[PDB]
Each structure stands twice: as C-alpha cells, then as structure tokens.
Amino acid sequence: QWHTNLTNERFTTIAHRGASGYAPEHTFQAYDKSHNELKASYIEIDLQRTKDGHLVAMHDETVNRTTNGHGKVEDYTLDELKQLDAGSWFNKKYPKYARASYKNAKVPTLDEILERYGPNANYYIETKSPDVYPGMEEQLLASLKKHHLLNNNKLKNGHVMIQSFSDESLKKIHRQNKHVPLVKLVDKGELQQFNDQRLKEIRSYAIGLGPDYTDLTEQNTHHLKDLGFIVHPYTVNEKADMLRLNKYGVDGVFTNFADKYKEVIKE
C-alpha cells in the first residue's frame, strides 16, 4: 500500500547540483555529466534570483563559495553574474577532479537549463521562503509552462518535482497548480520533532518528503511510507549508507556521486 516514483523507477537517482562530486555544482559541465554521461534520473536545481529578476541555479544566496565574486546573487544583474567564473573554485578545492574546461564555467539561468536538457529530462527544483524572493513560484511555474513541462502528461510522469523546506512556498504552488508534485524538505533533527497530525497536514500538499538521511531509521522510514510518502533522503555520498537506506525502503537519494548510487541499485 505504498506509493512509488512517478518516473517508473524503483530507485530514482537525484543528481544533487548535477554531477557535483566530479564537476562544479550548478553548471552546464555538471548537469551535462550527470544527465548525459552518468545517466542520473534527475537534474537537481537550487534557485536564486538576480537584481533584474532572472531565476538562476545557485545553492547559496551569495556568490562567494562557488565563484570569483562576492555578494548576494540579487546584487548582481544577469549580465554581471555571467562575467563570473563559476568553475575554477572546484579545481582548487578538489584537485583530483580538476579540469581546465571547468575554468570560466558560467552560472546558468533556469531558462537556459530547461532549454538545454529539454522536455524529456526530469527536474528537481527548489524554492525558498516566500519572503526572500517574492514572485519566485509564479516565475518558476511560468518558465515550466514555456518549456512544455506543465503539460499533465509530463507531470504525472515525474518530469517536475518541486522541493522546499518552506511549507508556505509549497502550499502556494499547490493552490496555483494542484498537479505539480511537491516535496517537503526536512532539516537535520527536525523529522523527530513532527507528530502524525503534522505529517498528515504535510501530506495534503506534498507527496514527497526529503529528510536528512541521518534521521532515518527502518522504523520511521516504514512509518512515512505507510503515510503515503515518497521518501528521498539527502545527501548520501557513501555506498554503505546508500545500501542501508535502500533496504529501509526509500524511493531514491539525493547524491553528489550518481554512478555510486546506480552501482548500489545494481549490486
């Protein structure tokens, strides 16, 4: 009596920020690698937004960690943000995985990503609390429509998952479009803070739950599955954790190493 993935996979492989173990996160280089090379199921995208309102792929609110710039994304126009090197940081930080072609990798827009990988790819897209980037949900749904991904064929086939820590962001999307699959993201320590009534009211808009993997036991995974959730823990990079959680009966993981999870599905 347990819901499975919409993709027709028993275990789905969410490429966390693209192939971010091997390539600079949230770049074409990284998304190319996990989509085309490693054959991961999802392209996972974190949304920020520029000064002039463009949705972009970046994990932090600031450009500091992953570029040769400093400051918040919203303090850059798109033109200015496109001058930044979003790849050389990765060569410094992980020299065994370094590549000369990663130098001067660019921050991609959401529009560019959806264009590049097209309507047949699957996307796992993250929104914020509604007070950090007001309008971002409406912008996101509009960009999805433009790229033929809100077509309800595409939706029931798991081509779009929208994830957030924010209830209010997800509830907003559920009102504007009840067909888009929604994934509630859970903090470290937070899953245990939540009773059945809370899990029921989450369940009224989210099919998906995305806890920190270290909060998952066999007992609680089974409980969440009995409540009708698809469970996709984050971020699982080690093969021993991958196997352990798959045996709990999760439906997939967010991972920096998509090859490793797909090997565990096999082995």
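All residue numbers refer to positions in the sequence shown, first residue = 1.
190 to 198 set against 80 to 88, stretch whose average Cα temperature factor tops the other in the entry: Per the PDB record, 190 to 198.
Stretch with the greater mean C-alpha B-factor as recorded in the entry, comparing 217 to 225 against 27 to 35: Taking the mean B-factor of the alpha carbons in each, 217 to 225 is higher.
Compare the CA B factors listed in the entry for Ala100, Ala105, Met136, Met161 and report the winner. Of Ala100, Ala105, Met136, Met161, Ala100 has the highest C-alpha B-factor.
So if I compare the CA B-factors in the entry for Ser204, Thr62, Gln48, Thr67, which one is the largest? Among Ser204, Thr62, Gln48, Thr67, the highest C-alpha B-factor in the entry belongs to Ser204.
Tell me, lowest, middle or highest third: where does the Cα B factor of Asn153 rank within its chain? Tercile = highest for this residue's CA B-factor.
According to the PDB entry, is the CA B factor of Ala121 in the bottom, middle or top third of its chain, that is, lowest, middle or highest? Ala121: CA B-factor falls in the lowest third of its chain.
Which third, lowest, middle or highest, does the CA B-factor of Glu44 fall in along this chain? It falls in the bottom third of the chain.
Considering every modelled residue of the chain and its Cα B-factor in the PDB entry, is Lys72 in the lowest, middle or highest third? Lowest third.
When the deposited Cα B-factors of this chain's modelled residues are ordered and cut into thirds, is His179 in the lowest, the middle or the highest one? Highest third.
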